[PDB]
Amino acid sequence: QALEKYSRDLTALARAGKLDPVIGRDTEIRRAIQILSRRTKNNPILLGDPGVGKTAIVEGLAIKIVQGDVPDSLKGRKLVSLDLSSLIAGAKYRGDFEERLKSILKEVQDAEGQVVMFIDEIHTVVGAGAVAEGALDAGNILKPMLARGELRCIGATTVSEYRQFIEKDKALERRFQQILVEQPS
């Protein structure tokens, strides 16, 4: 709330048997877990073309969490996927857009690491120019939060978009660990 409105709860979906089995991704999922367990460089970012099924890896992580197959750092966590398009479409002015986004993210922060957030197309929230001037830019809120390590976050994007919008930003580069997803599975 409005986290519930503007996110999909992957851990809840996992518990209901609503996520498809993920095969051939044990290594990638294990790596994401290791990354999420670290002090600073602890935001895994899945890189690969759309056709490799990056979201499935996040769904696999949700599955592992709910069966308790994770370190103390992730035991009992809720894993949510942020729905930015719905937030953008539902707002018209910068003020209330940012207030609603801050409200969602404060709820995550107040959970003090009990909530992990997946952000797909993450280059679109880093305030590096993917969002048009004059358009509603989540980067105003998410760039500083991510750069300061205020979120437990998994991201996804393409290699080229990562290199364009995230690479060269030393603050984000420091926080993120790339996981290359080479082939569909």
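Numbers for residues come from their place in the sequence shown, where the first is 1.
Annotation for 109 to 117 versus 82 to 90: the higher mean temperature factor (C-alpha) is found in 82 to 90.
Ranked against the other modelled residues of its chain, the C-alpha B-factor of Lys102 as given in the entry falls in the highest third. When the modelled residues of the chain are ordered by C-alpha B-factor, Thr40 sits in the highest third. Ranked by C-alpha B-factor against the other modelled residues of its chain, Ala2 falls in the highest third.
Among the modelled residues of its chain, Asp169 has a C-alpha B-factor that falls in the highest third, as given in the PDB entry. Per the deposited record, the Cα B-factor of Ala16 falls in the middle third when ranked against the other modelled residues of its chain.
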